[PDB]
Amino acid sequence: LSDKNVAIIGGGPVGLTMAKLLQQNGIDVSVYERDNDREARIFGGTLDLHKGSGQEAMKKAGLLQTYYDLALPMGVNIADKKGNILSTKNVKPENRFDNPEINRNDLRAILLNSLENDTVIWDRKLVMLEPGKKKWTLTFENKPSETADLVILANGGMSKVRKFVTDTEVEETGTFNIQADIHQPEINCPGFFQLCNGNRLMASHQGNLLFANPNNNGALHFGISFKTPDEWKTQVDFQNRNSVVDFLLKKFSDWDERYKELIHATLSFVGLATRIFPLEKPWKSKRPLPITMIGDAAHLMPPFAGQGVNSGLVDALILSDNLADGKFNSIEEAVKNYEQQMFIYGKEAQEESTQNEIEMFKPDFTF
């Protein structure tokens, strides 16, 4: 049911997957991505696609083998502030396929490559949405505007164009995350690198959490998290390396030298407040033209349970099915139904992520 065309805003994992599953069923899709070009480097850790959810989307796109090829199984160590390993869960073969970590750039290369040529239009930053006659008018910063019968919002948890769908707002969660990458970790943070010993790593002490992957395409990526300091309105300047170091070395004074060394080796930090785009009230049932939201734009949730890209990939799977299989009379019904399902499991996921994030950051939290 499409002698029409679809517009996905944002070429994240979710949006790009969405375009694949539609373009597979003959649907006319374009992806408008903010990024200047495909070789833009995506900051952040590795994604694990679970079987049942994320992996199903890759399977349906016929990319699951590709995902496996590029991915990487990881063990995980739990450590204390002193450097003791408290637990080593290595990977058992056949578990190797349960949730191998993939690099975010690697993943995009897999998705992009799956799409037909010029499916993604780069250097397109969506600023404005206007529901014209029977089409949406899409307005792009310093670029030609465009039109589409259906707009799929897949532009992340901070999307500024959710208005025609819902007026719910992003909330700050209470915790705050500081993330960084270290290159040549074996050289620049040899102590910490060896404590990881090839596995992910997660220590926890007095409401300050640490997480770390020692091998994201040969970059150590770590993240520290904590309940937001009250004195923050974020009253620390993440542009000043030394500002952040000092704040961290204070938070981490009790910890072994190994961790201080990590903080010391970091060239630049990224500050981030945990946010949720809560699935409370239903979305607007009164919409000028066909429009919906998948991925982080639809159910942004704390990054403490490995959901998000999965839920998002599922969003894609469901919506894409619904918009094609023929089992529907109107696009409005097909989106309504995807939104029906997604609300149940999205909320389920948020519940976990919220709960887990409440679980840690307690006075005495065991990993």
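One rule holds for the numbers: they count along the sequence shown, beginning at 1.
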Interresidue gap class [residue 233, residue 234; deposited sequence, unmodelled]: 1 to 3
Comparing 4-12 with 357-365, the one whose average Cα B-factor in the PDB entry is higher: 357-365
Mean C-alpha B-factor comparison - 89-97 and 206-214, higher one: 89-97
Deposited CA B-factor, highest of 77, 225, 147, 266: 147
325, 69, 35, 56, ranked by C-alpha B-factor: the highest one: 325
CA B-factor ranking of residue 310, expressed as a third of its chain: middle
For residue 340, the third of its chain into which the C-alpha B factor falls: highest
Among modelled residues of the same chain, the CA temperature factor third for residue 110: lowest
Where the record places residue 22 (Cα B-factor, split into thirds across the chain): middle
B-factor third for the C-alpha atom of residue 64 within its chain: middle
